[PDB]
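*Asks:* Handing over model14.cif, mmCIF, C-alpha atoms; chains and numbers go by the auth columns.
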```
data_entry
loop_
_atom_site.group_PDB
_atom_site.id
_atom_site.type_symbol
_atom_site.label_atom_id
_atom_site.label_comp_id
_atom_site.label_asym_id
_atom_site.label_seq_id
_atom_site.Cartn_x
_atom_site.Cartn_y
_atom_site.Cartn_z
_atom_site.B_iso_or_equiv
_atom_site.auth_seq_id
_atom_site.auth_asym_id
ATOM 1 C CA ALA A 1 -121.522 -126.764 -130.941 0.00 1 D
ATOM 2 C CA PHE A 2 -118.207 -125.397 -129.624 0.00 2 D
ATOM 3 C CA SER A 3 -117.119 -123.807 -132.916 0.00 3 D
ATOM 4 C CA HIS A 4 -120.132 -121.508 -133.247 0.00 4 D
ATOM 5 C CA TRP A 5 -120.015 -121.175 -129.463 0.00 5 D
ATOM 6 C CA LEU A 6 -116.428 -119.941 -129.648 0.00 6 D
ATOM 7 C CA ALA A 7 -117.496 -117.461 -132.322 0.00 7 D
ATOM 8 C CA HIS A 8 -120.339 -116.116 -130.176 0.00 8 D
ATOM 9 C CA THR A 9 -117.898 -115.804 -127.276 0.00 9 D
ATOM 10 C CA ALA A 10 -115.375 -113.828 -129.324 0.00 10 D
ATOM 11 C CA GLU A 11 -118.315 -111.831 -130.704 0.00 11 D
ATOM 12 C CA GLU A 12 -119.021 -108.228 -129.687 0.00 12 D
ATOM 13 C CA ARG A 13 -115.204 -108.063 -129.320 0.00 13 D
ATOM 14 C CA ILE A 14 -114.878 -109.110 -132.934 0.00 14 D
ATOM 15 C CA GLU A 15 -118.286 -107.472 -133.397 0.00 15 D
ATOM 16 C CA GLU A 16 -118.059 -103.666 -133.359 0.00 16 D
ATOM 17 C CA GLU A 17 -114.286 -104.108 -133.224 0.00 17 D
ATOM 18 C CA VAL A 18 -113.895 -105.955 -136.519 0.00 18 D
ATOM 19 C CA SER A 19 -116.631 -103.636 -137.763 0.00 19 D
ATOM 20 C CA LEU A 20 -114.440 -100.561 -137.395 0.00 20 D
ATOM 21 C CA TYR A 21 -111.530 -102.731 -138.549 0.00 21 D
ATOM 22 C CA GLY A 22 -113.168 -103.241 -141.927 0.00 22 D
ATOM 23 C CA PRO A 23 -114.612 -99.727 -142.117 0.00 23 D
ATOM 24 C CA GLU A 24 -110.998 -98.665 -141.457 0.00 24 D
ATOM 25 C CA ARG A 25 -107.823 -100.443 -142.634 0.00 25 D
ATOM 26 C CA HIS A 26 -106.308 -102.626 -143.670 0.00 26 D
ATOM 27 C CA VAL A 27 -104.873 -106.145 -143.806 0.00 27 D
ATOM 28 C CA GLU A 28 -105.176 -108.411 -140.755 0.00 28 D
ATOM 29 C CA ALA A 29 -108.931 -107.912 -141.126 0.00 29 D
ATOM 30 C CA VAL A 30 -108.742 -110.582 -143.820 0.00 30 D
ATOM 31 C CA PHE A 31 -107.451 -112.818 -141.035 0.00 31 D
ATOM 32 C CA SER A 32 -110.078 -111.551 -138.602 0.00 32 D
ATOM 33 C CA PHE A 33 -112.963 -112.396 -141.026 0.00 33 D
ATOM 34 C CA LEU A 34 -111.456 -115.930 -141.153 0.00 34 D
ATOM 35 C CA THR A 35 -111.728 -116.070 -137.298 0.00 35 D
ATOM 36 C CA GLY A 36 -115.414 -115.083 -137.829 0.00 36 D
ATOM 37 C CA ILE A 37 -116.117 -117.407 -144.416 0.00 37 D
ATOM 38 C CA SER A 38 -118.389 -116.632 -147.430 0.00 38 D
ATOM 39 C CA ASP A 39 -119.077 -113.013 -146.370 0.00 39 D
ATOM 40 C CA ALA A 40 -115.351 -112.447 -145.754 0.00 40 D
ATOM 41 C CA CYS A 41 -114.521 -113.911 -149.211 0.00 41 D
ATOM 42 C CA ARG A 42 -117.241 -111.781 -150.805 0.00 42 D
ATOM 43 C CA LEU A 43 -115.926 -108.624 -149.068 0.00 43 D
ATOM 44 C CA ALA A 44 -112.352 -109.521 -150.149 0.00 44 D
ATOM 45 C CA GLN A 45 -113.608 -109.911 -153.737 0.00 45 D
ATOM 46 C CA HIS A 46 -108.196 -115.622 -156.770 0.00 46 D
ATOM 47 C CA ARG A 47 -105.707 -118.367 -155.808 0.00 47 D
ATOM 48 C CA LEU A 48 -105.970 -117.485 -152.091 0.00 48 D
ATOM 49 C CA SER A 49 -109.813 -117.595 -152.348 0.00 49 D
ATOM 50 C CA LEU A 50 -109.783 -121.270 -153.450 0.00 50 D
ATOM 51 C CA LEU A 51 -107.377 -122.177 -150.583 0.00 51 D
ATOM 52 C CA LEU A 52 -109.627 -120.341 -148.064 0.00 52 D
ATOM 53 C CA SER A 53 -112.534 -122.741 -148.813 0.00 53 D
ATOM 54 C CA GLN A 54 -110.320 -125.597 -147.533 0.00 54 D
ATOM 55 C CA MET A 55 -110.662 -124.020 -144.059 0.00 55 D
ATOM 56 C CA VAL A 56 -113.270 -125.957 -141.959 0.00 56 D
ATOM 57 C CA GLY A 57 -111.674 -128.858 -143.830 0.00 57 D
ATOM 58 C CA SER A 58 -109.594 -131.089 -141.590 0.00 58 D
ATOM 59 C CA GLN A 59 -108.183 -132.659 -144.747 0.00 59 D
ATOM 60 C CA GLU A 60 -104.480 -133.580 -145.112 0.00 60 D
ATOM 61 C CA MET A 61 -104.067 -130.423 -147.259 0.00 61 D
ATOM 62 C CA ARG A 62 -102.397 -128.894 -144.201 0.00 62 D
ATOM 63 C CA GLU A 63 -98.783 -130.099 -144.468 0.00 63 D
ATOM 64 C CA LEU A 64 -98.450 -129.745 -148.247 0.00 64 D
ATOM 65 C CA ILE A 65 -99.511 -126.122 -148.741 0.00 65 D
ATOM 66 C CA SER A 66 -97.863 -125.360 -145.404 0.00 66 D
ATOM 67 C CA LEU A 67 -94.292 -126.394 -146.223 0.00 67 D
ATOM 68 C CA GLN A 68 -94.930 -125.118 -149.741 0.00 68 D
ATOM 69 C CA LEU A 69 -95.499 -121.541 -148.680 0.00 69 D
ATOM 70 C CA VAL A 70 -93.180 -121.603 -145.623 0.00 70 D
ATOM 71 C CA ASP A 71 -89.931 -121.671 -147.602 0.00 71 D
ATOM 72 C CA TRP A 72 -91.225 -119.690 -150.568 0.00 72 D
ATOM 73 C CA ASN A 73 -93.271 -118.058 -147.817 0.00 73 D
ATOM 74 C CA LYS A 74 -90.343 -116.217 -146.243 0.00 74 D
ATOM 75 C CA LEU A 75 -88.789 -116.070 -149.707 0.00 75 D
ATOM 76 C CA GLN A 76 -91.488 -113.578 -150.686 0.00 76 D
ATOM 77 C CA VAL A 77 -92.061 -112.157 -147.209 0.00 77 D
ATOM 78 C CA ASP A 78 -88.436 -112.239 -146.082 0.00 78 D
ATOM 79 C CA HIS A 79 -87.732 -109.603 -148.732 0.00 79 D
ATOM 80 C CA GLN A 80 -96.870 -110.243 -148.042 0.00 80 D
ATOM 81 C CA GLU A 81 -97.490 -110.874 -144.341 0.00 81 D
ATOM 82 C CA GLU A 82 -101.223 -111.350 -144.904 0.00 82 D
ATOM 83 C CA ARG A 83 -100.658 -114.525 -146.920 0.00 83 D
ATOM 84 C CA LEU A 84 -98.235 -116.563 -144.778 0.00 84 D
ATOM 85 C CA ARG A 85 -100.649 -116.207 -141.811 0.00 85 D
ATOM 86 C CA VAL A 86 -103.549 -117.660 -143.900 0.00 86 D
ATOM 87 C CA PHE A 87 -101.240 -120.562 -144.823 0.00 87 D
ATOM 88 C CA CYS A 88 -100.368 -121.054 -141.074 0.00 88 D
ATOM 89 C CA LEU A 89 -104.107 -121.475 -140.438 0.00 89 D
ATOM 90 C CA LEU A 90 -104.514 -124.108 -143.227 0.00 90 D
ATOM 91 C CA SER A 91 -101.405 -125.955 -141.912 0.00 91 D
ATOM 92 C CA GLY A 92 -103.661 -126.627 -138.889 0.00 92 D
ATOM 93 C CA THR A 93 -100.833 -125.947 -136.413 0.00 93 D
ATOM 94 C CA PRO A 94 -100.987 -122.126 -136.228 0.00 94 D
ATOM 95 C CA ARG B 1 -124.413 -141.198 -168.421 0.00 1 L
ATOM 96 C CA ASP B 2 -123.737 -138.582 -171.085 0.00 2 L
ATOM 97 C CA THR B 3 -121.917 -140.383 -173.901 0.00 3 L
ATOM 98 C CA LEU B 4 -122.071 -137.194 -176.026 0.00 4 L
ATOM 99 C CA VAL B 5 -120.245 -135.114 -173.362 0.00 5 L
ATOM 100 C CA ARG B 6 -117.850 -137.996 -172.635 0.00 6 L
ATOM 101 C CA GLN B 7 -117.005 -138.115 -176.373 0.00 7 L
ATOM 102 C CA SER B 8 -116.074 -134.393 -176.037 0.00 8 L
ATOM 103 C CA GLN B 9 -113.708 -135.392 -173.188 0.00 9 L
ATOM 104 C CA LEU B 10 -112.034 -138.079 -175.395 0.00 10 L
ATOM 105 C CA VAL B 11 -111.424 -135.321 -177.969 0.00 11 L
ATOM 106 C CA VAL B 12 -109.996 -133.064 -175.200 0.00 12 L
ATOM 107 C CA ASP B 13 -107.686 -135.913 -173.981 0.00 13 L
ATOM 108 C CA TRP B 14 -106.524 -136.318 -177.595 0.00 14 L
ATOM 109 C CA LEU B 15 -105.944 -132.521 -178.071 0.00 15 L
ATOM 110 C CA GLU B 16 -103.972 -132.501 -174.780 0.00 16 L
ATOM 111 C CA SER B 17 -101.951 -135.580 -175.969 0.00 17 L
ATOM 112 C CA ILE B 18 -100.855 -133.569 -179.058 0.00 18 L
ATOM 113 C CA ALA B 19 -99.947 -130.299 -177.395 0.00 19 L
ATOM 114 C CA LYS B 20 -96.666 -128.417 -177.649 0.00 20 L
ATOM 115 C CA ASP B 21 -94.881 -127.843 -174.383 0.00 21 L
ATOM 116 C CA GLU B 22 -91.931 -125.478 -174.177 0.00 22 L
ATOM 117 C CA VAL B 23 -88.840 -127.064 -172.638 0.00 23 L
ATOM 118 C CA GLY B 24 -88.076 -126.866 -168.929 0.00 24 L
ATOM 119 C CA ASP B 25 -84.313 -127.211 -168.767 0.00 25 L
ATOM 120 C CA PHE B 26 -83.419 -126.613 -172.495 0.00 26 L
ATOM 121 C CA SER B 27 -85.267 -123.294 -173.105 0.00 27 L
ATOM 122 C CA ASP B 28 -85.253 -119.935 -171.260 0.00 28 L
ATOM 123 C CA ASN B 29 -88.773 -120.652 -169.957 0.00 29 L
ATOM 124 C CA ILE B 30 -87.531 -122.692 -166.899 0.00 30 L
ATOM 125 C CA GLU B 31 -83.713 -123.281 -167.098 0.00 31 L
ATOM 126 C CA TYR B 32 -83.085 -119.524 -166.975 0.00 32 L
ATOM 127 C CA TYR B 33 -86.112 -119.121 -164.647 0.00 33 L
ATOM 128 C CA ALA B 34 -84.501 -121.070 -161.810 0.00 34 L
ATOM 129 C CA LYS B 35 -84.586 -118.122 -159.340 0.00 35 L
ATOM 130 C CA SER B 36 -84.000 -119.403 -155.766 0.00 36 L
ATOM 131 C CA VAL B 37 -86.988 -117.538 -154.333 0.00 37 L
ATOM 132 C CA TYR B 38 -90.081 -115.748 -155.659 0.00 38 L
ATOM 133 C CA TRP B 39 -89.731 -111.953 -156.128 0.00 39 L
ATOM 134 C CA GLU B 40 -86.097 -111.817 -155.007 0.00 40 L
ATOM 135 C CA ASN B 41 -85.414 -108.646 -157.028 0.00 41 L
ATOM 136 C CA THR B 42 -88.457 -106.701 -155.607 0.00 42 L
ATOM 137 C CA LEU B 43 -87.462 -107.969 -152.065 0.00 43 L
ATOM 138 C CA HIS B 44 -83.796 -107.030 -152.528 0.00 44 L
ATOM 139 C CA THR B 45 -84.613 -103.756 -154.282 0.00 45 L
ATOM 140 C CA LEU B 46 -87.419 -101.404 -153.250 0.00 46 L
ATOM 141 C CA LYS B 47 -87.804 -100.141 -156.817 0.00 47 L
ATOM 142 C CA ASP B 48 -102.222 -109.578 -153.740 0.00 48 L
ATOM 143 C CA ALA B 49 -99.755 -106.715 -152.943 0.00 49 L
ATOM 144 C CA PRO B 50 -99.411 -105.452 -156.599 0.00 50 L
ATOM 145 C CA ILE B 51 -103.195 -105.910 -157.262 0.00 51 L
ATOM 146 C CA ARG B 52 -103.662 -103.832 -154.088 0.00 52 L
ATOM 147 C CA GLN B 53 -101.268 -101.086 -155.234 0.00 53 L
ATOM 148 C CA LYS B 54 -99.738 -99.706 -158.507 0.00 54 L
ATOM 149 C CA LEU B 55 -96.045 -99.887 -159.349 0.00 55 L
ATOM 150 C CA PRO B 56 -94.120 -102.171 -156.853 0.00 56 L
ATOM 151 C CA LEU B 57 -92.749 -105.137 -158.855 0.00 57 L
ATOM 152 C CA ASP B 58 -89.199 -104.914 -160.278 0.00 58 L
ATOM 153 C CA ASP B 59 -88.999 -105.370 -164.047 0.00 59 L
ATOM 154 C CA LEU B 60 -86.823 -108.512 -163.622 0.00 60 L
ATOM 155 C CA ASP B 61 -89.388 -110.196 -161.307 0.00 61 L
ATOM 156 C CA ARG B 62 -92.169 -109.448 -163.839 0.00 62 L
ATOM 157 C CA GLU B 63 -89.942 -110.889 -166.650 0.00 63 L
ATOM 158 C CA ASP B 64 -89.304 -114.013 -164.537 0.00 64 L
ATOM 159 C CA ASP B 65 -93.080 -114.342 -163.777 0.00 65 L
#
```
Can you give me the file's structure in the form of structure tokens?
*Replies:*
Amino acid sequence: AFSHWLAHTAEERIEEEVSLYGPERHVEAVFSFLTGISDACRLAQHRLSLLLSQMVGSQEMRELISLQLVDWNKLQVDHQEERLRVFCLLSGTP
Amino acid sequence: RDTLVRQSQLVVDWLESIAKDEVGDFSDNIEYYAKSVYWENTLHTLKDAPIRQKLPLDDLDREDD
């Protein structure tokens, strides 16, 4: 009840806002659609896509993928910023 | 339930059993691909991010990939 409730609360604000966001540019939005999943994946449309479906899953996937990225995370980012944030979400401790 | 499909799996398990793997640590495939971090050359040198846009990746990072 709360989940969907939270969504409705952060609506209109994510509503027309995220609307422009999409009809605009660029990244981040991918994260914002995740705050809003299947439509976001369809708009984005491969490896990230399969990990995204684990969201809404409270499964012990968190830690693994987390630490995995993380190191290699900064390794790539240190020297994409729209991929580490998705991993922070699936870690479950954002 | 499907013995016919499960027989196909036993053939797959057999084909996988007799597969050739390249070496890790005795061929250039992984011993020489022991880069400390992913895309170190493209991070150190300017020249979904490459599917998003054209040219970025350094030739060395593509070779390593």
*Asks:* Written as a ChimeraX atom specification, which residues does the PyMOL selection byres ((chain L) within 7 of (chain D)) give for the file shown?
*Replies:* /L:37-40,43-44,49
*Asks:* What would the selection look like, as a VMD selection string, if the PyMOL selection byres ((chain L and resi 58) around 8) were run on the coordinates I just shared?
*Replies:* chain L and resid 41 to 42 45 47 56 to 57 59 to 62
*Asks:* Between CA of residue 90 (chain D) and CA of residue 42 (chain D), what distance in Å does the model show, to one decimal?
*Replies:*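 Result for CA of residue 90 (chain D) versus CA of residue 42 (chain D): 19.3 Å, one decimal.
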*Asks:* Centre and edge lengths of an axis-aligned box around all listed atoms of region 41-45 of chain L, with 6 Å added on each side, are to be given in Å to one decimal, as JSON.
*Replies:*
```
{"center_x": -86.1, "center_y": -106.2, "center_z": -154.5, "size_x": 16.7, "size_y": 16.9, "size_z": 17.0}
```
*Asks:* Record the distance separating CA of residue 2 (chain D) and CA of residue 19 (chain D), expressed in Å with one decimal.
*Replies:*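 One can read the CA of residue 2 (chain D) to CA of residue 19 (chain D) distance as 23.3 Å.
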*Asks:* Any chance you could resolve the PyMOL selection byres ((chain D and resi 55-64) around 10) against this file and give the residues as JSON, numbers by chain?
*Replies:* {"D": [34, 37, 50, 51, 52, 53, 54, 65, 66, 67, 68, 69, 86, 87, 88, 89, 90, 91, 92, 93]}
*Asks:* Calculate how many Å separate CA of residue 49 (chain D) from CA of residue 20 (chain D), rounding to one decimal.
*Replies:* 23.1 Å
*Asks:* Go through L:14, L:63, L:19, L:1 one by one, measure the shortest atom-to-atom distance of each to residue 32 (chain L) using only C-alpha atoms, and give the residue with the smallest value.
*Replies:*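 Once distances to residue 32 (chain L) are computed over only C-alpha atoms, the minimum belongs to L:63.
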*Asks:* Please determine, counting only C-alpha atoms, which residue among D:44, D:85, D:1, D:32 has the shortest atom-to-atom distance to residue 13 (chain D).
*Replies:* D:32
*Asks:* Write out as a short mmCIF file (atom, residue, chain, number, x, y, z; two decimals) with C-alpha atoms, in the coordinates of the input the residues lying within 10 Å of residue 33 (chain L), counting all atoms listed in the file and excluding same-chain residues fewer than 6 positions away.
*Replies:*
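As a result, out34.cif now contains:
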```cif
data_model
loop_
_atom_site.label_atom_id
_atom_site.label_comp_id
_atom_site.auth_asym_id
_atom_site.auth_seq_id
_atom_site.Cartn_x
_atom_site.Cartn_y
_atom_site.Cartn_z
CA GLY L 24 -88.08 -126.87 -168.93
CA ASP L 25 -84.31 -127.21 -168.77
CA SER L 27 -85.27 -123.29 -173.10
CA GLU L 63 -89.94 -110.89 -166.65
CA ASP L 64 -89.30 -114.01 -164.54
CA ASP L 65 -93.08 -114.34 -163.78
#
```
*Asks:* For region 43-58 of chain D, write N, CA, C and O atoms out as a tab-separated table (two decimals), in the first residue's frame.
*Replies:*
```tsv
chain	number	residue	atom	x	y	z
D	43	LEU	N	11.29	2.08	-22.69
D	43	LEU	CA	11.82	3.33	-23.20
D	43	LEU	C	13.33	3.30	-23.36
D	43	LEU	O	13.84	3.68	-24.40
D	44	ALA	N	14.07	2.75	-22.37
D	44	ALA	CA	15.50	2.56	-22.44
D	44	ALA	C	15.94	1.67	-23.60
D	44	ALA	O	16.92	1.93	-24.29
D	45	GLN	N	15.18	0.60	-23.90
D	45	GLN	CA	15.39	-0.20	-25.09
D	45	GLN	C	15.21	0.57	-26.40
D	45	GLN	O	16.02	0.47	-27.32
D	46	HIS	N	21.83	-4.27	-22.33
D	46	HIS	CA	21.18	-5.57	-22.12
D	46	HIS	C	21.47	-6.20	-20.76
D	46	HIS	O	20.58	-6.70	-20.07
D	47	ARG	N	22.74	-6.16	-20.31
D	47	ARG	CA	23.11	-6.64	-18.99
D	47	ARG	C	22.48	-5.86	-17.85
D	47	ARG	O	22.04	-6.44	-16.86
D	48	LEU	N	22.41	-4.52	-17.97
D	48	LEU	CA	21.76	-3.68	-16.98
D	48	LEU	C	20.28	-4.00	-16.89
D	48	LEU	O	19.75	-4.14	-15.80
D	49	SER	N	19.60	-4.21	-18.04
D	49	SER	CA	18.18	-4.55	-18.11
D	49	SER	C	17.78	-5.77	-17.28
D	49	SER	O	16.82	-5.73	-16.51
D	50	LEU	N	18.56	-6.87	-17.36
D	50	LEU	CA	18.37	-8.04	-16.51
D	50	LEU	C	18.55	-7.77	-15.02
D	50	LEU	O	17.81	-8.28	-14.18
D	51	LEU	N	19.55	-6.95	-14.62
D	51	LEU	CA	19.72	-6.53	-13.24
D	51	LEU	C	18.59	-5.66	-12.73
D	51	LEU	O	18.17	-5.77	-11.58
D	52	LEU	N	18.03	-4.77	-13.58
D	52	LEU	CA	16.90	-3.92	-13.22
D	52	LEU	C	15.67	-4.70	-12.79
D	52	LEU	O	14.98	-4.29	-11.86
D	53	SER	N	15.39	-5.88	-13.38
D	53	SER	CA	14.25	-6.69	-12.98
D	53	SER	C	14.37	-7.29	-11.58
D	53	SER	O	13.37	-7.67	-10.98
D	54	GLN	N	15.59	-7.32	-11.01
D	54	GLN	CA	15.81	-7.70	-9.63
D	54	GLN	C	15.35	-6.64	-8.64
D	54	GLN	O	15.14	-6.93	-7.46
D	55	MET	N	15.17	-5.38	-9.07
D	55	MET	CA	14.50	-4.38	-8.26
D	55	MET	C	13.05	-4.76	-7.98
D	55	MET	O	12.41	-5.37	-8.83
D	56	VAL	N	12.55	-4.46	-6.75
D	56	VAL	CA	11.28	-4.96	-6.20
D	56	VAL	C	11.53	-6.30	-5.55
D	56	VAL	O	10.81	-6.78	-4.68
D	57	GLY	N	12.67	-6.93	-5.90
D	57	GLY	CA	13.22	-8.08	-5.24
D	57	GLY	C	14.06	-7.69	-4.06
D	57	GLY	O	15.05	-6.96	-4.14
D	58	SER	N	13.72	-8.25	-2.90
D	58	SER	CA	14.39	-8.03	-1.64
D	58	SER	C	15.46	-9.06	-1.41
D	58	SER	O	16.09	-9.10	-0.36
```
